[PDB]
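Order of the sequence lines sets the chain letters (A, B, ...), proteins ahead of strands, with each chain counted from 1. In what follows, every heavy atom counts, from backbone to side chain, and hydrogens, waters and symmetry copies are set aside.
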Amino acid sequence: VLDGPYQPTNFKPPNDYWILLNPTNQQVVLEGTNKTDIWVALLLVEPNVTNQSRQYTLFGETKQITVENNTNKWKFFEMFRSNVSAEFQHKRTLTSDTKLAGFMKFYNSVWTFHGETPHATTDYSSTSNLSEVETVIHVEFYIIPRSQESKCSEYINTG
Amino acid sequence: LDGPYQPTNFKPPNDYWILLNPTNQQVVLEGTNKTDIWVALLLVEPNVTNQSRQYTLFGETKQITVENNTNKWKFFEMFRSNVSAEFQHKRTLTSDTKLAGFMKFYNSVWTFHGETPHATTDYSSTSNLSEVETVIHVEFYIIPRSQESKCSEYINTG
């Protein structure tokens with residue numbers, strides 16, 4: 001059984017747990033940083049979006065970020081930087097008909113799901129300061145132990 | 001299979017896949033119509049830790065952050081729609097086959113993305129498809145769109 005739902009909050013997720021993210025229509029889904037070498041934001045882009053510059057507030061900064069979604073699925077744009085002064089790069093995309101995404105702190109790395117349902121897979125970004133990574137979660141969420149990653153992947157891919 | 005052709009600069013014909021077969025070229029393809037579409041495919045080898053690399057795209061020197069945690073090759077699809085804009089990392093093809101594609105079709109530029117063997121096609125829109133030309137830095141083949149199923153097979157299984 002999933003642990004949740006939890007309402008949107010700002011907290012320090014424990015190690016070895018998946019945060020399963022369940023947006024409705026929030027532009028910004030998750031902001032995670034340790035304020036030293038990790039800044040990850042997941043943005044949500046609805047279906048049938050023409051290439052356009054959209055405005056997002058990320059870690060209090062006003063950013064204009066080019067997005068497109070030619071599909072009838074939802075896209076999570078994973079935006080990353082490793083330096084406080086840098087611009088965000090569009091690192092990964094999750095293309096989803098479940099509208100579920102993932103975040104986990106494990107093994108000196110921050111993990112997300114990417115690719116296109118139902119073949120979304122995990123990948124990571126490296127950090128020397130995992131313990132200080134804190135998340136503003138803008139959405140309803142659940143917590144799943146890493147031991148149950150297979151169910152977390154089933155949910156992300158099939159709902 | 002029509003090829004292999006050598007690296008060249010030319011205007012690909014509408015409704016044909018260019019099937020790109022790098023060895024170790026870091027810039028695989030540069031395509032533009034010099035008005036509303038610039039695409040560059042960059043090749044990032046297996047097991048590259050997060051770093052800044054230098055690429056010359058359309059005569060401009062760029063510093064682009066890249067990373068590849070996997071045992072697959074990654075093609076980073078860099079894109080802009082305006083000559084003054086920086087490139088954005090728009091898509092990635094994560095490949096065991098070291099094959100990528102490009103096609104001018106239906107007022108769009110088409111490429112493959114995702115992870116083999118489930119890579120699929122998506123497009124970027126242009127209002128001037130006919131003027132899109134490509135510098136191709138790799139050996140390549142030419143497959144009609146009528147045989148796109150074979151082109152997807154090659155992308156996904158080699």
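By the 30° and 60° cut-offs, the orientation of the rings of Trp39(A) relative to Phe59(A) is perpendicular.
In this structure, chain B has a heavy atom under 4.5 Å from the side chain of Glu68(A), while its backbone stays farther away. In this structure, the portion of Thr121(A) lying under 4.5 Å from any heavy atom of chain B is its side chain and not its backbone. Residue contact with chain B, scored on non-hydrogen atoms closer than 4.5 Å, is absent for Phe77(A). For a residue to count as touching a neighbouring chain, one of its non-hydrogen atoms must lie under 4.5 Å from one of that chain's; by this rule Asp123(A) touches chain B with the side chain only. Only the side chain of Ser82(A) comes within contact range of chain B, judged by heavy atoms closer than 4.5 Å.
No other option in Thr50(A), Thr66(A), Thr95(A), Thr93(A) has as many heavy-atom pairs under 4.5 Å with chain B as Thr66(A). With chain A as the partner, the residue from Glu115(B), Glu86(B), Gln88(B) showing the most heavy-atom pairs under 4.5 Å is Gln88(B).
In this structure the side chain of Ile38(A) reaches within 4.5 angstrom of the side chain of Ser125(A), judged on heavy atoms.
Nearest heavy-atom pair across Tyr107(A) and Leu130(A) is N-CD2, 4.0 Å.
Cation-pi contact between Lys150(B) and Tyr154(B): present, with separation from the ring centre below 6.0 Å and deviation from the ring axis of at most 45°.
A distance-only check finds no donor-acceptor pair linking the side chain of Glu134(A) to the backbone of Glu132(A) [under 3.5 Å].
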Inset, instruction - Step by step, work out the salt bridge (charged side-chain N to carboxylate O under 4.0 Å, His left out) result for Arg54(A) and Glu46(A). - result: CA-CA 12 Å; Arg54(A) 292 192 170 178; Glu46(A) 70 275 20; 2.8 Å; yes
